[PDB]
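> What follows is a single structure, and I will ask about it in a moment.
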Amino acid sequence: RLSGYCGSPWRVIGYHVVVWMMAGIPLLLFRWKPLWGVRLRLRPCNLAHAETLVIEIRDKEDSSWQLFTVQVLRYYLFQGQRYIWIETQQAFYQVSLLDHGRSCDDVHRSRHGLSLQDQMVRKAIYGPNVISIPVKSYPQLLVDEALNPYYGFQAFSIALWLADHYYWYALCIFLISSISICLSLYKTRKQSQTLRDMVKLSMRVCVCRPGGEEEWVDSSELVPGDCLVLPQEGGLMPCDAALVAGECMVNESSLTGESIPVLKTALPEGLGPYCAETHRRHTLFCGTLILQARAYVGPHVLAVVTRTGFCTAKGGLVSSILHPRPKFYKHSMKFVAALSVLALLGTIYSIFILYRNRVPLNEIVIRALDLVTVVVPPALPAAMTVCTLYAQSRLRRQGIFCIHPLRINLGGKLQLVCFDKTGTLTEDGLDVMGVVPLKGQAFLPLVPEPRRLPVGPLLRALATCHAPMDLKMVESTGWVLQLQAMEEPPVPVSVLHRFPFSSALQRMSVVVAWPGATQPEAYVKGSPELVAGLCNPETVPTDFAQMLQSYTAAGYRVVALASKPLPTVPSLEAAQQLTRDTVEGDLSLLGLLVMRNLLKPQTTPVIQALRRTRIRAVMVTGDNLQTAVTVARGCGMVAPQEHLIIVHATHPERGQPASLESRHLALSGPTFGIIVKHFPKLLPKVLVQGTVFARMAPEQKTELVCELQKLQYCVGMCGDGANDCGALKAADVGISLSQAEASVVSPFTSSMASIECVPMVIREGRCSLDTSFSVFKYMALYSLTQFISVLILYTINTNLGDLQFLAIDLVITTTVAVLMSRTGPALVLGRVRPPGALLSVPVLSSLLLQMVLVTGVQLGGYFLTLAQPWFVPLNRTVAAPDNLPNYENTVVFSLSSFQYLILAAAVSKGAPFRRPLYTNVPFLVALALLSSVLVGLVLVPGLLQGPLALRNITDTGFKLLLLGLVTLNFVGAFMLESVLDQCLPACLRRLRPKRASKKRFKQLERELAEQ
Ligand code: BEF
Ligand SMILES: [Mg+2]
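This is the structure we're talking about:
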């Protein structure tokens, strides 16, 4: 979208120093609204002529950053892209002027190289072509990524807690908080360091010069417009260059997955110089391995570099990764608003209570601050981390070496997973199916089967045909051959010599000679068309075009073979004289070679299990459409009235054609690029039912992932390595199943190449999310009940014992908050998903329901003691209010502890998708021990309340009533928690519509209305 620029470098060196010195404290409110902050300090409004400080306007692009330029030609760095200053009309553009030179192609064709006349300025403007992530902020993570406000509030509460004694509690909470924040810095920095090491290329590449000068220069000094020479052996390509002469052969192993070599461009011209937007074969991609290059009539092969930098395929992924994105983070505003609106009256209420008792003005405010800080606890991230560590440790047991505590629960409610077919949907390496290289005319279907089981010259012909596919062909047949071969058992054969590949014509002729029993002959292979048209006098083509179309329609690779018997003397003469034209012209059709692209047998059960839980399975790959549809039919997950489409980028007006094979559609790269613009009127109608995404460039994968995230979807794209690097961070779940190459950084990293891990990782994420939600609910309820307990304790104007409270808090943190998250998911596959977004009726129908019960059970116990002959504690007369061990405080503390115990016991729920309740034996024994010690703290008259100062009372009849009340509460809490499991009233009221959002459901229901 459009963006405006403005200039305001400086006015004068005046009050700016004082402003900078003053603004050191209020930076917390200064950071928000940068535009107002920079406009309130200085504003030298003028035209952009020599302005260093620029501000991005908020006219259409609703964001803001900071920019700093350097004077060397005015330029700066902004998300990798560099802007070029032009004085012709005083405006800023990108590096697209010289590249888009669609005029006077003669000078482009005459580019042969430069030495020293046009290098300094080019190096000054373009600069280094290397890719490096800066590590400037090595200290500065504290000031960069720690400007959230669970840390400012934590620091504010630290001083308030340090005002009192609070030794052990503060010592524990600071030690806990300083470890996670220190480990996060190392975790963040290791990713950047390994990315910097992985993205590096420093090698010496020769550059030809006019006049006959050759020397070795580094790859750092490389600018567009120069000529690069290609060595015969072939190395790596550091920049996106283009061939100008000769013929070369390369494979797009890291660009499209398949290692299928493709012919290069041609010498004839007539169009523009490069035309990268309208040319695909002519464009030579970089970052790929070169197998072999062919020379020409010239002295050597030369290449021309027309564009390099972050705009190429290598830099596109890097730019996509370091770009900011447009749950688990929007659910805190409601909670903080609720606590604020619940505690606004609490402060004034407590002030009113304190004002009645004539509280001194010394500790009047510390009590209010403690009350404010007690209804919100600084341990929620700690609880989340300690709940997550168990799942993280269990995940690593199955060979999954991933570190992402905050990403485990994100992918719990996965809706669809984007698969890829290069190594994760098909067995690595090309295997041999039933091959039957029969004769030509008078053919019969006979008979696809494992090779070399029958006997005959075909076995020897296939064995002698050779040059990662040759090794597999030799090994996967059973008969081991490279100079001599036995276990025929009869009529042994051996090879003597072979001929190299010829790039001009696809021919592979191998000469064999066995003078023992049979006669020597020659075997050749090549394209089926060549052997069909070159064998007319011997094998006339009869009914040959009917099977070729069917074989090619399935994406199978077909290569034919041929042979011609010859006498011994000419055969040996041809073998020794290194000739090839003496055997061509008249041969006999040997047959054809057929390959198979079948998927792994274990993938089908996983696909079937994934399709019965209303989870979509989309296919994303860069192969041809025929291979994609063949793989889809082979998997057989679904195919109701499959429809095929073809690009129509020929006229401004266009229409989608209708062709034959609750429906699915196939989309391609150019098809997706043409259907967009307009996006909102053509993409939503096809992005829901489409399931085929073949023949798409890797750069479009990032755009597709970004667009899918805006539709409230849950992407589950899994990478393989060196194929999809940019589409790994903006997605929800990213799993790498190979050590090379994108496995250095990923949301999930595993050492397994099977799809069976997806269901178990999904179940683990769901269980972790459920445990985290339960823990958060328990902590919120405990905070609320502590708040009301403290509020009701202000009637007598007393304070709880610091030692007992500290001990009980430590016990709760080390016993309940730890062993609670030990539950795991069962070995079953559920239908529904754990529902988050705790702002609905079924989730909010328990908070107040438990709160009213707690308030009633506290009020009854507090008001029941009025019928007992006890003396009034010293509270209104002269006494020490710091410590008052009276009966009321003791009974209130006992009731609060019992409430904590019952909440910790009855916090559990159902959801049988996880492990059953009677499984966590350590949790059960810990609860039993807690109950036993709680009973013994007040039952036995033994010496235990000495340092506790509990004021033990010789009570005889009140203990029975207390036990009856606690048993009634125990039998009531379970009933309250179990009667609300059903949601029949929820569906009795919400009909027919139930959701006020998620427009995808509305689209689905309006689409199924007419079908
Ligand atoms: F088939 Be791939 F690796 F996109
Ligand atoms: Mg792959």
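For the sequence shown, the residue numbers in the deposited numbering are 36 to 107, 163 to 416, 420 to 560, 572 to 585, 611 to 790, 820 to 1169. Where is the CB? At the ideal position from N, CA and C, for every residue including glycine.
Check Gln171 in the structure and name its three-state DSSP category.
Within the sequence shown, residue 171 is the residue found at index 81, counting from 1. In this structure, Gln171 counts as strand in the three-state DSSP scheme.
> If you reduce the DSSP assignment to three classes, tell me which class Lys280 lands in.
If you number the sequence shown from 1, residue 280 lands on position 190. Residue state, collapsed to three classes: helix.
> At which residues does the beta strand (DSSP E) containing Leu739 begin and terminate?
The count along the sequence shown starts at 1 and reaches residue 739 at position 610. Unbroken run through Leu739 is the alpha helix (DSSP H), 732-740; no beta strand (DSSP E).
> Tell me which same chain residues have a C-beta within less than 8 Å of the C-beta of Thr697, skipping the five on either side of it?
For this step, residue 697 is matched to residue 568 along the sequence shown. Answer for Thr697: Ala642, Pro644, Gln648, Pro649, listed in chain order.
> Can you have a look at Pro992 and say buried or exposed, based on whether 16 or more other CB atoms are within 10 angstroms of its CB?
Within the sequence shown, numbered from 1, the residue matching residue 992 stands at position 834. With 16 or more other Cβ atoms within 10 Å, it is buried.
> Roughly how many whole angstroms lie between the Cα atoms of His51 and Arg76?
Your numbering for residue 51 matches position 16 in the sequence shown. Your numbering for residue 76 matches position 41 in the sequence shown. When rounded, the distance between both Cα atoms is 8 Å.
> Mind checking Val47: buried by the 16 CB within 10 Å criterion, or exposed?
For this step, residue 47 is matched to residue 12 along the sequence shown. Under this definition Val47 is an exposed residue.
> To the nearest angstrom, report how far apart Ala1107 and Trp71 are at their CA atoms.
Stepping through the sequence shown from its first residue, residue 1107 is reached at position 949. Stepping through the sequence shown from its first residue, residue 71 is reached at position 36. The alpha-carbon atoms of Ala1107 and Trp71 are separated by roughly 58 Å.
> Tell me, please, whether the region 443-455 touches the region 212-232 by the rule of three or more beta-carbon pairs shorter than 8 Å.
Contact fails: fewer than three Cβ-Cβ distances are below 8 Å.
> For ligand 1, any of its heavy atoms closer than 7 Å to the Cβ of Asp513?
Along the sequence shown, one-based indexing puts residue 513 at 420. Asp513 Cβ: within cutoff of ligand 1.
> Indicate, with yes or no, if ligand 1 has a heavy atom lying under 7 Å from the CB of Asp878.
By 1-based counting over the sequence shown, the position of residue 878 is 720. True, at least one ligand heavy atom lies under 7 Å from that Cβ.
> Could you say if the region 395-413 and the region 320-333 meet the contact criterion of at least three C-beta pairs nearer than 8 Å?
The region 395-413 vs the region 320-333: in contact.
> Tell me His777's beta-bridge partners as DSSP assigns them.
By one-based count along the sequence shown, residue 777 stands at place 648. For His777, which the question treats as bridged, DSSP gives no partner whatsoever.
> Who are the near neighbours of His198 in its chain, counting only those whose CB is closer than 6 Å to its CB and skipping five residues on each side?
One-based indexing of the sequence shown puts residue 198 at position 108. Hits under 6 Å: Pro363.
> What number of angstroms, rounded off, separates the C-alpha of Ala768 from the C-alpha of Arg821?
As a first step, residue 768 is located in the sequence shown; it is residue number 639 there, counting from the start. As a first step, residue 821 is located in the sequence shown; it is residue number 663 there, counting from the start. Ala768 and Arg821: Cα-Cα distance of roughly 7 Å.
> Under 7 Å from any heavy atom of ligand 1, does the C-beta of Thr750 make it?
Counting from one through the sequence shown, the residue named residue 750 turns up at place 621. Under cutoff, so the answer is yes.
> Under 8 Å by Cβ, that's how I've got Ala403 and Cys365 pegged, so tell me the actual separation to the nearest angstrom.
Against the sequence shown, residue 403 aligns to sequence position 313. Against the sequence shown, residue 365 aligns to sequence position 275. At roughly 17 Å, the Cβ-Cβ gap does not stay under 8 Å, so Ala403 and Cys365 are not in contact.
> Quick one: measure Cβ to Cβ for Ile493 and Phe906, integer angstroms, because I've assumed they're closer than 8 Å.
Along the sequence shown, read from residue 1 onward, the residue named residue 493 stands at position 400. Along the sequence shown, read from residue 1 onward, the residue named residue 906 stands at position 748. That belief holds up - the Cβ atoms of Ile493 and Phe906 are roughly 7 Å apart, short of 8 Å.
> Any heavy atom of ligand 1 closer than 7 Å to the beta-carbon of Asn726?
As a first step, residue 726 must be located in the sequence shown, where it is residue number 597. No.
> For the candidate residues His772, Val1096, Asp513, whose alpha-carbon lies nearest to that of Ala880?
Sequence index remark: in the sequence shown, residue 880 carries index 722 (1-based). Considering only alpha carbons, the answer is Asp513.
> Within 7 Å: the Cβ of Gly884 and any heavy atom of ligand 1?
Within the sequence shown, residue 884 is the residue found at index 726, counting from 1. No; taking the cut-off as 7 Å, the Cβ of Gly884 has no heavy atom of ligand 1 nearer than that.
> Just to confirm, does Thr517 get its C-beta within under 7 Å of one of the non-hydrogen atoms of ligand 2?
In the sequence shown, counting from the first residue as 1, residue 517 sits at position 424. Answer for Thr517: yes, Cβ within range of ligand 2.
> Is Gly347 a contact residue of ligand 2, with contact defined as CB to any heavy atom under 7 Å?
Numbered from its first residue, the sequence shown carries residue 347 at position 257. True, at least one ligand heavy atom lies under 7 Å from that Cβ.
> How is the beta strand (DSSP E) around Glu650 delimited, first residue to last?
As a working mapping, residue 650 is identified with position 521 in the sequence shown. Residues 650-655.
> Just to confirm, does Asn881 get its C-beta within under 7 Å of one of the non-hydrogen atoms of ligand 1?
As a position in the sequence shown, residue 881 is number 723, starting the count at 1. Flag set: Cβ of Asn881 near ligand 1.
> Check this for me: beta carbons of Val1096 and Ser1054, under 8 Å apart or not?
Here residue 1096 corresponds to residue number 938 of the sequence shown, with the count starting at 1. Here residue 1054 corresponds to residue number 896 of the sequence shown, with the count starting at 1. Cβ atoms of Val1096 and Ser1054: not closer than 8 Å.
> Pop quiz: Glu1046 and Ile954 are said to be a contact at Cβ under 8 Å. What is the actual Cβ separation, rounded to whole angstroms?
Residue mapping note: residue 1046 aligns to position 888 of the sequence shown, counting from 1. Residue mapping note: residue 954 aligns to position 796 of the sequence shown, counting from 1. So it is a contact: roughly 6 Å between Cβ atoms.
> Exposed or buried, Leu961, counting other C-beta atoms within 10 Å across all chains shown (16 or more means buried)?
Your numbering for residue 961 matches position 803 in the sequence shown. Classification of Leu961: exposed, given that the 10 Å Cβ count is below 16.
> From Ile174 to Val105, what does the alpha carbon distance come to, in whole angstroms?
The residue labelled residue 174 in the question sits at position 84 within the sequence shown. The residue labelled residue 105 in the question sits at position 70 within the sequence shown. Each residue's alpha carbon lies about 12 Å from the other.
> Rounded to the nearest angstrom, what separates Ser580 and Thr981 at their Cα positions?
As a position in the sequence shown, residue 580 is number 476, starting the count at 1. As a position in the sequence shown, residue 981 is number 823, starting the count at 1. Taking the straight line from one Cα to the other gives about 47 Å.
> Do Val760 and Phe851 come within 8 Å of each other at the CB atom, strictly closer than that value?
Along the sequence shown, one-based indexing puts residue 851 at 693. Along the sequence shown, one-based indexing puts residue 760 at 631. For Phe851 and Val760, no; Cβs fall outside 8 Å.
> For residue 571, tell me which candidate among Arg1073, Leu1082, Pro1074 has the shortest Cα-Cα distance.
The residue list of the chain ends a segment at 560 and starts the next at 572, so residue 571 has no coordinates to report.
> Under 8 Å: do the region 291-299 and the region 309-326 share three or more Cβ pairs, one atom per stretch?
Verdict: yes, contact present.
> Have a look at the DSSP bridge pairing and note the partners of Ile176.
Taking the sequence shown and counting its residues from 1, the one referred to as residue 176 is at position 86. Per DSSP, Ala181.
> Which residue's Cα is closest to the Cα of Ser1089: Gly655, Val969, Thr708?
The residue given as residue 1089 occupies position 931 in the sequence shown. Of the candidates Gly655, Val969, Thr708, the one whose C-alpha sits nearest the C-alpha of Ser1089 is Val969.
> Going by the C-beta, is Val1091 closer than 7 Å to any heavy atom of ligand 4?
For the structure depicted, ligand 4 is absent and the ligand set comprises only ligand 1 and ligand 2.
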